[PDB]
Amino acid sequence: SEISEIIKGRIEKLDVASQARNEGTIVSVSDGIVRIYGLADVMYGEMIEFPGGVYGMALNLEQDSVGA
Amino acid sequence: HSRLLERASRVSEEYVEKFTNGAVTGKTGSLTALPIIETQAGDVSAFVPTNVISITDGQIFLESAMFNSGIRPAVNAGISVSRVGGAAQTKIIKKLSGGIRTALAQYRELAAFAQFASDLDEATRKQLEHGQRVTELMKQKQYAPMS
Amino acid sequence: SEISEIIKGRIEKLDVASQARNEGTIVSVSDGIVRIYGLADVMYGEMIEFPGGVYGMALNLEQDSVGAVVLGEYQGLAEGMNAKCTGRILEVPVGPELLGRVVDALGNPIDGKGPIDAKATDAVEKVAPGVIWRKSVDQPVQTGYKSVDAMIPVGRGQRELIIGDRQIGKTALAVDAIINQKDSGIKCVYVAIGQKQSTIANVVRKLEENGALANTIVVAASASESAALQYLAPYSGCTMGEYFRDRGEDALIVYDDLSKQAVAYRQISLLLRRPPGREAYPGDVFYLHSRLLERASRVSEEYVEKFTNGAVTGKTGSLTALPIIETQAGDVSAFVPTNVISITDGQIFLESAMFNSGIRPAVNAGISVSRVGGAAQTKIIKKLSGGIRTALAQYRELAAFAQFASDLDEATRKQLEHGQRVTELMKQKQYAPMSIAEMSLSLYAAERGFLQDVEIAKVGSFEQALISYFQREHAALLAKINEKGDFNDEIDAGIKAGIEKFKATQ
Amino acid sequence: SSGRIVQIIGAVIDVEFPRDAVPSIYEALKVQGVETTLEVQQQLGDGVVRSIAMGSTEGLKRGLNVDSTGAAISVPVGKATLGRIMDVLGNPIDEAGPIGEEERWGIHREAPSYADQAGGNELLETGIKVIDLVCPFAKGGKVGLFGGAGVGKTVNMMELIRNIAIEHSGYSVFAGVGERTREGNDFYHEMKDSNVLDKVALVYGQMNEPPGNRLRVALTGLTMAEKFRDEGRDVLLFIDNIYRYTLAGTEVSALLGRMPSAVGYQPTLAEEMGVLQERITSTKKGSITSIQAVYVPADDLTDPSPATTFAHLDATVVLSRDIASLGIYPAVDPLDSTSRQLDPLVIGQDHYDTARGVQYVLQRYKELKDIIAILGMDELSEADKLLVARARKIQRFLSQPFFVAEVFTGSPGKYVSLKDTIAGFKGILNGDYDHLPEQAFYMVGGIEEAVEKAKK
Amino acid sequence: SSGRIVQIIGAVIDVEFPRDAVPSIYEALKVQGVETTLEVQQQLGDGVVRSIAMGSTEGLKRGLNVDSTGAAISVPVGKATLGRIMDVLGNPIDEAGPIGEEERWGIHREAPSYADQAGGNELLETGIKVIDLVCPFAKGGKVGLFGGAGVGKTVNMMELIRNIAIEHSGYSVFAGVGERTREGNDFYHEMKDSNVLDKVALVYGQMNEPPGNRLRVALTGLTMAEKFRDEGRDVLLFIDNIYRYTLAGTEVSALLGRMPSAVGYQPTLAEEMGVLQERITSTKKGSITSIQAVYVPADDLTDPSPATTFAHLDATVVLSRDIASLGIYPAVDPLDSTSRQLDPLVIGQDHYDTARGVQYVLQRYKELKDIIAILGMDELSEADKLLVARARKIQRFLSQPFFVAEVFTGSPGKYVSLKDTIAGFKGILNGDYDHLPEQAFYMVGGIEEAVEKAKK
Amino acid sequence: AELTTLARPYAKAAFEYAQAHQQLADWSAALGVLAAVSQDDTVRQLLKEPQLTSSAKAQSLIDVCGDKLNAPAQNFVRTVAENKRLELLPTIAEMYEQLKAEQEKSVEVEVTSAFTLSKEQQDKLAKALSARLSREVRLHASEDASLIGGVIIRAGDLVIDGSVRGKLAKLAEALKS
Amino acid sequence: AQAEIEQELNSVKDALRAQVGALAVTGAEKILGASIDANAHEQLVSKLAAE
Amino acid sequence: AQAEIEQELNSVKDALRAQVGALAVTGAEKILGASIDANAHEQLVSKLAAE
Ligand SMILES: Nc1ncnc2c1ncn2[C@@H]1O[C@H](COP(=O)(O)OP(=O)(O)OP(=O)(O)O)[C@@H](O)[C@H]1O
Ligand SMILES: Nc1ncnc2c1ncn2[C@@H]1O[C@H](COP(=O)(O)OP(=O)(O)O)[C@@H](O)[C@H]1O
Ligand SMILES: Nc1ncnc2c1ncn2[C@@H]1O[C@H](COP(=O)(O)OP(=O)(O)O)[C@@H](O)[C@H]1O
Ligand SMILES: [Mg+2]
Ligand SMILES: [Mg+2]
């Protein structure tokens with residue numbers, strides 16, 4: 007098959023667990039679409055807040071990542 | 295379609311006798327096929343119509359303009375053709391229908407050319423008159439076959 | 007008598023020491039693409055060496071494997087075979103030793119006449135001379151055709167496209183343009199891409215029968231050869247043509263099918279899995295032809311003195327290109343034709359309707375154009391081509407009235423027959439190139455009205471007889487015009503007196 | 008060593024071998040138990056090869072052992088192949104038992120080198136007016152019969168075979184590629200009943216056979232012709248449809264992991280065609296004269312397959328659906344058909360002027376046709392009225408009844424010598440037969456007959 | 008910090024950086040030991056960035072070190088760029104040494120905000136009569152230039168370059184998007200000979216450069232123009248061909264693997280055009296006005312490229328081959344050329360009525376000329392023959408001697424004002440000059456010069 | 002994609018962790034054991050069933066290895082199983098050593114001599130090879146009777162050949178060209 | 105026709121020169137295959153150690 | 105010429121066999137970088153049985 011967004015060298019699950027459901031980390035950026043890892047409680051169509059006053063909209067809620 | 299349509303065939307006496315283990319001898323066997331294909335607004339360039347026209351032993355093209363013009367059988371004699379020809383006809387019909395399709399194909403062309411021309415020779419007027427009669431004869435009603 | 011005893015000694019003057027070699031192993035082989043595992047130091051464009059004297063070029067340097075294309079036959083290569091870096095980019099032999107020889111896309115001789123003695127090699131992929139090192143195009147390149155040399159002139163360092171459908175004279179026009187250079191001073195290069203081997207041999211047999219082969223380099227990459235060789239052949243031929251330009255001389259190059267080079271580059275790209283665009287071509291198909299065609303140029307005296315390091319001085323070198331492209335049913339809006347029409351300095355359009363109407367050269371002069379124009383013409387042809395343009399333009403406007411010419415007004419009826427006589431003058435035969443003096447007689451005779459009493463059906467025999475008359479009784483005047491194509495009141499009066507005398511006795 | 012089937016998808020099969028025993032590209036493999044042959048097309052990696060079945064896969068299973076043969080498909084060649092019907096693998100497909108071969112060649116081979124090509128212009132007479140006039144064939148030359156569906160490719164080829172192969176003193180190879188099984192039976196009984204089967208080798212791969220069979224049948228027939236050429240003989244090679252070779256590659260290309268190109272064709276269309284076409288040639292040892300029928304998808308001559316084929320041929324004969332739709336046969340298009348032998352330095356000025364004369368008259372009439380439809384005939388000038396008559400007659404005089412078409416035409420077949428072909432058209436262009444009605448030139452062989460038909 | 012090249016596929020290069028040092032989108036990167044610049048297009052994630060080489064990739068290998076610069080491609084700006092030829096990166100392609108720059112600006116920025124827009128429509132007085140009357144340009148506007156070669160395109164650009172600098176204290180910038188190297192050398196010498204070279208900055212992206220260079224050259228030239236606008240000037244930005252800017256975007260989009268849109272264009276077609284065109288406007292400090300040559304694919308005005316470009320054009324200037332033959336060198340077609348500023352609510356009732364009066368008279372004359380040709384000059388009424396006389400006088404008064412054309416015209420150049428232009432045409436329409444010969448109204452400048460050329 | 006491409010994230014994760022916690026030798030043994038267990042025909046068959054959940058497959062593998070996996074290794078195994086990558090364990094085990102070797106400044110060379118073997122010979126070249134490579138060299142000598150006389154030294158993508166077969170190859174292409 | 109005679113002669117003699125080389129390679133191989141000993145193998149290994 | 109070439113060809117055909125042994129010992133000597141004569145004797149007199 008093919009490598010997915012969660013499959014990164016820094017996603018070290020040393021402590022297998024889940025914490026921080028209202029915050030995430032940007033995985034990649036391309037032509038106005040961002041992949042975010044960790045936003046566990048984000049709703050479909052919710053406003054996402056990024057640094058420097060920029061906002062995103064949640065469109066793809068997948069097992070491993072959020073597309074905005 | 296080629297794997298389906300190549301089964302429709304005529305088999306020799308030797309083929310039937312072997313399969314029937316000698317039970318049937320002196321008899322040839324056959325399967326004749328009449329596949330149907332639908333086109334969109336007369337477009338034959340589509341992938342499926344292109345494939346099937348290239349597999350069969352002939353085709354019968356039905357035209358919508360002819361169907362609306364009163365020729366209900368609607369067989370376009372210029373585009374339709376049989377790759378068996380006269381071998382598929384009885385002696386009487388084979389002799390009487392000699393070059394009628396190619397003569398109808400030429401009459402359809404002569405009519406369009408002479409639409410706005412001045413009086414032509416006897417040969418032309420005679421051919422134009424003979425053509426309008428076989429065209430009216432080829433018309434037939436549904437459920438009314440002829441021996 | 008024998009030779010073998012004096013050659014073995016040289017082989018005993020070759021190194022046997024160990025050399026560090028960066029190496030990989032073949033992992034997969036398919037459709038002419040060998041994927042190798044290893045080769046961490048191979049460069050984009052470097053040539054790889056496989057077992058058996060087979061060579062490749064690295065084109066996909068991905069993170070985990072190398073995608074390489076075979077410059078030969080790949081059906082003998084296999085998984086587990088060893089692959090070695092060579093440390094070299096692709097280079098071809100260059101120099102005068104290539105003239106009169108037939109070679110493959112790598113410079114190997116295929117004619118069977120023996121080994122080439124080239125004293126230097128050069129890179130197939132190179133950058134074109136920059137803006138500031140060029141000189142404006144103002145020297146002519148005669149093709150020997152009255153329709154092309156009078157209305158669509160080609161200059162030294164220009165790029166003129168030959169465009170049109172299949173089987174209408176595209177190859178004939180370019181081969182005749184090469185034949186006409188045998189006495190000019192311009193060296194010629196013909197590149198055959200994706201042609202069948204027997205067709206290339208009929209052109210060489212025709213170059214040899216007309217005495218043009220000794221002035222021509224023939225580069226071949228036939229239809230059964232690897233797509234990599236067909237993709238590289240135009241660059242190899244260009245590199246052989248650039249030798250003469252960079253050293254102060256002039257050359258002419260013909261690319262017989264740039265559309266077949268584009269098709270070969272598309273095959274390699276889709277097999278490397280590069281993202282596709284319009285008509286399935288890769289995103290850099292414009293850059294493919296543009297990188298090739300911008301090398302055809304005219305360079306200044308300062309570039310030639312810099313390159314030659316002072317050896318050659320006062321001379322400007324050039325490379326003129328005649329790329330050929332085939333259109334499908336007259337569709338010039340296709341992707342590859344659109345790209346090349348925008349890259350070139352002008353276009354010669356050949357038409358199937360004109361070719362079937364007996365107009366053998368088939369040049370549609372109404373849409374064909376040369377952006378260099380009159381700067382690429384000698385003084386005599388520049389003066390006599392102006393009226394030829396007006397007469398053909400008038401004929402294109404008033405050609406339906408031909409069947410109602412009686413009812414036409416006299417002025418218009420006068421213009422109509424002039425247009426029909428100038429149109430019949432443009433018809434010419436294959437392998438019959440005309441010189442500046444011989445073209446001038448025909449153009450002068452029509453432009454000064456000497457055909458008004460000649461039946462449109464006898465214009466050709468009139469032309470052929472007129473040239474034969476001047477070749478015998480006016481040999482000194484033809485020799486004078488052929489020096490530089492100069493014009494003055496004495497030449498004008500001299501030609502007039504000869505045509506008047508011709509009508510009075512022949 | 009031995010391999011196991013790991014993946015079957017349609018006609019494509021993957022076989023995994025020890026990483027030290029991976030079979031070569033184009034190598035033939037045999038399945039254990041099942042009677043099936045697989046040719047390696049690609050080495051995916053890790054001891055696995057991708058192959059295409061030369062038979063059906065309905066009986067194949069995952070894990071079946073496959074054997075490496077160490078070579079490509081080897082077919083029988085030489086004198087033993089004459090008067091026999093064979094499949095792609097060279098097996099006999101006639102009930103006459105085994106073939107006494109004394110040698111087997113591999114179907115894959117290099118094309119003759121640039122130094123081995125040979126040039127010749129010996130004119131070959133066909134007996135057809137349109138061809139003998141605008142498409143003069145040459146001995147050792149390559150001919151192509153381009154056309155759509157139902158316009159005459161098979162019929163015309165059969166007439167040529169009859170007017171050339173029967174008289175030809177040398178041998179002949181007939182390859183039926185993606186052909187109707189009924190045409191193959193009619194031709195076999197025809198060669199057998201005509202006593203000419205003794206000098207003709209027959210290879211058949213019809214439409215009912217798997218893609219791999221239709222993809223290599225052309226290489227089998229060509230391998231037999233190459234053995235005869237290399238013996239110093241003069242050979243005739245007839246291919247029923249070379250398009251089926253390209254199509255079999257399109258049908259299998261996507262399953263082989265190749266991205267599609269324009270008009271959904273394999274990205275290797277021009278190379279796969281060049282690799283076959285460069286072997287069908289006349290070298291310095293012997294001469295192969297070849298006639299290929301070329302199918303044109305949807306009658307569009309700009310389709311990538313027909314468009315890539317023109318450059319490989321010496322003589323290009325074009326059949327038109329618009330001419331066939333008017334009851335005119337052979338339906339050759341004189342303004343689209345071409346030949347390299349059409350050159351005054353190869354034939355003569357009289358022939359060339361007659362051909363260009365016919366073309367000029369037909370090209371001008373193609374524009375007056377629409378003018379006559381709108382308005383009327385009366386509005387034309389006298390020269391145009393006079394030209395329209397000769398054009399309509401020349402179009403009809405190009406029609407010739409053929410012996411192979413008697414079943415369809417109903418009339419007897421006719422053979423016209425090039426002399427009569429030139430004489431008649433020259434006279435019509437001169438206007439000598441302007442006294443004859445238009446209907447007199449339809450299917451009348453020589454011009455003389457036309458003069459007689461006008462009286463009936 | 009520094010990263011390493013991980014993958015090379017044509018002009019597309021992937022580079023891997025430390026997790027704390029990943030470069031930003033559009034950031035410029037430098038390869039160590041080679042003169043190659045990479046512009047970052049996308050952040051793939053896991054430390055890796057996708058960039059497009061701004062040069063050739065031949066000879067590069069995996070593992071080479073790459074250095075981040077901290078900002079986008081930064082080019083020299085200001086007075087030092089005048090009379091110089093530069094590449095996409097701002098390097099001096101002419102052999103004239105380094106540019107005497109005092110400042111450098113990045114090529115990527117947002118368009119001026121809603122609050123930065125000027126308070127109305129102000130005409131740009133070009134000093135050319137036919138343009139200032141029939142094709143009025145607005146300051147900060149975009150003008151589409153249509154026509155073939157050899158019709159005066161280059162001379163018209165040089166005259167505009169001279170007039171903005173000498174009569175308005177402005178400057179010019181020329182962006183050679185996909186420039187032909189031969190034409191780029193010829194244009195540089197023509198401007199030096201015409202003494203206009205010190206009034207313009209030349210930025211060239213030649214056809215043989217990779218797609219990324221041809222796409223960014225328009226932003227490099229626009230960045231130099233933005234600097235002069237901030238100085239307090241009105242500037243001219245010439246774009247050699249706007250279709251080649253669209254095509255370079257299509258090529259880059261295909262290389263990056265994006266899914267293509269309608270007719271095969273990039274999905275970002277309207278956004279890429281908007282990002283370039285929205286910077287060209289009239290601000291509260293200065294105004295960049297642009298003249299852009301437009302190419303129409305397959306002569307189709309509905310094709311996505313023409314369609315998108317026309318949405319940002321304020322005027323259309325058409326150059327005519329026919330008009331040139333007449334002898335009017337400006338060669339602008341008064342009937343086909345148009346402007347959105349030709350509205351009485353913008354230019355006032357007087358300018359509008361004068362321009363529409365000239366167009367009305369010129370239209371009637373074109374209809375009457377077909378009558379004179381088919382039926383003869385006597386068939387016309389007295390009013391129609393009087394109109395023909397005014398139309399011919401109007402047609403010749405649309406001509407003008409330019410300061411850069413003195414070599415061709417053999418007469419000194421003229422700069423006519425908008426006031427003099429309106430007054431001159433208003434009189435000829437009313438008949439105040441009906442006694443003068445039409446030739447007196449040829450190549451004169453203002454209307455008083457026609458009256459004086461007449462006395463003689 | 003290449004198993005190496007799919008194993009690169011997992012391997013770099015194992016290495017950055019082993020290095021920051023001084024466990025570069027413990028993980029080598031754990032990954033070698035995990036790779037080993039997964040290849041067995043019984044375990045291979047078990048891992049390919051649709052009945053088991055990702056956690057059940059992960060657990061079964063930690064139980065067979067047991068002490069061989071430290072708390073962190075067992076969690077890494079749970080990450081690999083959750084993502085459905087248990088077929089890449091041999092590849093993941095291999096790439097870990099490569100990152101480690103570049104860290105330790107060492108190379109595993111693979112020398113192949115024709116007919117002679119001596120303790121003096123191995124070191125004689127390990128000095129030059131070390132000097133050239135700027136790394137410690139763990140030679141792995143072996144026998145290649147195919148060679149007429151000489152040795153073939155392989156290290157990374159570098160292949161220093163001094164075998165007479167290599168001189169034969171050179172002499173042969175030279176003589177036939 | 106005049107040039108074709110010389111190229112034929114030099115082509116055939118060259119084809120022979122390559123065959124002679126292939127026999128010489130085999131000879132050298134058979135000779136070395138019966139001449140390498142420990143005193144020579146050490147010289148080969150120690151010589152390589154300096155390269 | 106094709107008939108003439110065959111007359112000279114049959115002379116070189118056997119003349120080459122008289123010197124292939126020298127090419128083999130010099131080749132072996134250059135490959136080894138030392139004297140080979142001590143092991144050339146039995147090879148030089150026997151290899152000619154397949155040339
Ligand atoms: N004066 C002429 N100029 C050009 N072609 C001519 C002329 N007179 C006759 N012909 C014939 O026209 C044909 C042109 O063939 P040519 O190969 O040049 O066409 P082409 O367009 O290049 O064909 P292709 O596309 O297959 O390469 C030849 O048969 C040639 O002999
Ligand atoms: N010369 C001809 N005379 C009569 N019928 C013909 C002729 N050529 C083709 N046909 C008709 O077309 C068919 C045979 O043509 P064929 O060779 O099969 O065409 P294609 O191969 O182009 O599909 C038959 O149905 C026959 O009636
Ligand atoms: N304003 C003008 N006055 C006089 N001659 C002109 C003028 N504009 C164009 N020409 C003539 O037309 C030619 C072509 O004009 P140019 O601007 O170079 O068009 P293009 O760049 O397309 O070639 C010039 O060389 C000159 O001969
Ligand atoms: Mg050609
Ligand atoms: Mg058929």
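Protein chains in written order, with PDB author numbering: chain C, 7 to 74; chain B, 295 to 441; chain A, 7 to 512; chain D, 8 to 463; chain F, 8 to 463; chain W, 2 to 178; chain Y, 105 to 155; chain X, 105 to 155.
Built from N, CA and C at the ideal position, the CB exists for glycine as well.
- Item | Close beta carbons around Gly177(F), own chain, < 6 Å, minus the five adjacent residues each side | Position 170 of the fifth sequence, counted from the start, is the residue given in the question as residue 177(F). Cβ neighbours of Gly177(F) within its own chain (closer than 6 Å, five residues either side excluded): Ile171, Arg240, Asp241 and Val242.
- Message: Any heavy atom of ligand 1 inside 8 Å of the beta-carbon of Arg172(A)?
- Response: As a position in the third sequence, residue 172(A) is number 166, starting the count at 1. Remark: the C-beta of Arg172(A) is in contact range of ligand 1, defined as less than 8 Å to any heavy atom.
- Task: Apply the 10 Å Cβ neighbour rule to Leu20(C) and answer buried if 16 or more other Cβ atoms are within range, or exposed otherwise.
- Result: Working through the first sequence from its first residue, we reach residue 20(C) at position 14. Per the 10 Å Cβ criterion, exposed.
- Task: Put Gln48(D) into one of helix, strand or coil per three-state DSSP.
- Result: As a first step, residue 48(D) must be located in the fourth sequence, where it is residue number 41. Looking at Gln48(D) - three-state DSSP - the assignment turns out to be strand.
- Item | Neighbour list for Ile59(D) in chain A, Cβ cutoff strictly below 8 Å | Position 52 of the fourth sequence, counted from the first residue, corresponds to residue 59(D). The premise fails here: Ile59(D) is roughly 13 Å from chain A at the closest Cβ pair, so nothing lies under 8 Å.
- Closest residue to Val29(F) among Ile16(F), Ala18(F) and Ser8(F) (Cα-Cα distance): Counting from 1 along the fifth sequence, the entry for residue 29(F) is found at position 22. Distances from the alpha-carbon of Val29(F) to those of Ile16(F), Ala18(F) and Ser8(F) put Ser8(F) closest.
- Does DSSP put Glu23(D) in a helix, in a strand, or in coil? Indexing the fourth sequence from 1 puts residue 23(D) at position 16. Correct three-state label for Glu23(D): strand.
- Report back the beta-carbon spacing between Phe144(F) and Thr296(F) to the nearest angstrom; my notes put them in contact at under 8 Å. Start at 1 with the first residue of the fifth sequence, and residue 144(F) comes out as number 137. Start at 1 with the first residue of the fifth sequence, and residue 296(F) comes out as number 289. Taking C-beta atoms under 8 Å as the contact rule, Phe144(F) and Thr296(F) qualify, at a distance of about 6 Å.
- Query: Can a CB atom of chain C be found closer than 9 Å to the CB of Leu333(F)?
  - Reply: Locating residue 333(F) in the fifth sequence gives position 326, where the first residue counts as 1. Interface criterion not met: the Cβ of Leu333(F) is under 9 Å from no Cβ in chain C.
- Is the beta carbon of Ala198(A) within less than 8 Å of some heavy atom of ligand 1? Start at 1 with the first residue of the third sequence, and residue 198(A) comes out as number 192. No, Cβ of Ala198(A) sits at least 8 Å from all heavy atoms of ligand 1.
- Quick one, which residues of the stretch 111-122 of chain A are near chain D if we go by CB-CB under 8 Å, in chain order? Listed by position, the residues of the stretch 111-122 of chain A near chain D (Cβ gap below 8 Å) are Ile116, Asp117 and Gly118.
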